[PDB]
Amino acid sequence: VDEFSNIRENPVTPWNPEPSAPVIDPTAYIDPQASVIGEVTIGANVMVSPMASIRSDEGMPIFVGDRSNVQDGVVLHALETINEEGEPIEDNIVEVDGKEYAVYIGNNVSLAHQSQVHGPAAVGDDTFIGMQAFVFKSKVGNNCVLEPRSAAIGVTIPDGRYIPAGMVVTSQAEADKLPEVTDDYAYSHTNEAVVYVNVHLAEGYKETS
């Protein structure tokens, strides 16, 4: 009757000679119905909600910074980062200040319910990635806001910008023209409130396990 572990090593594959187990800070809370697999780093005070799936078995590594949250049904996965010659595929590798990642999720970042960040991708600190939104082959700057159902594919979202709900951004020209987050923007304080809440949820939930 379905006996198993939800935090585990990635399997041996032609691009993964030696398996890795997730490296998770004692202060992070991983829901029992979340799945965390392979070459993953999870930082302090991170909340991982039911049904999230963080799978570092193809592209690796996948890093989630401190005080960030990975909400219900969020998926983190990436395109192959090493070839057949054990050759790093640089096109599928993201570089975040001297360190290489398949997926890099910064500090104080919110991955809201049912969103997905697929590598190669980087999401900078204090950014809110909206409900059902999508990031793939992109670098989202810090202090950004992806409204619900927006997407960034193959682009760089400059620091401090936002993507209106439903908008799919596929070109650098359009990413260059995004609106700026200002004090009066409707999602201007959303991330700070969410981060506050989720740090407190992680602690509350750690006291139930």
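Take the two forms, find the largest set of C-alpha atoms that superpose within 1.5 Å, and that set is the rigid core. For every residue, the number given is its place in the sequence shown, counted from 1.
- Superposition on the core shows that, in 5 other deposited structures of this protein, the C-alpha atoms drift more in one of 52-60 and 171-179; this is 52-60.
- As the entry records it, the average C-alpha temperature factor is higher for 79-87, out of 128-136 and 79-87.
- With 179-187 and 144-152 compared on mean CA B-factor from the PDB entry, the stretch scoring higher is 179-187.
- Ranking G119, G73, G98, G106 by the C-alpha B-factor listed in the PDB entry places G98 at the top.
- Of the candidates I30, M51, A44, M60, the one whose C-alpha carries the top B factor in the deposited record is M60.
- In this PDB entry, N198 carries a Cα temperature factor that places it within the lowest third of its chain's modelled residues.
- When the CA B factors of the chain's modelled residues are split into thirds, the value for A173 lands in the highest one.
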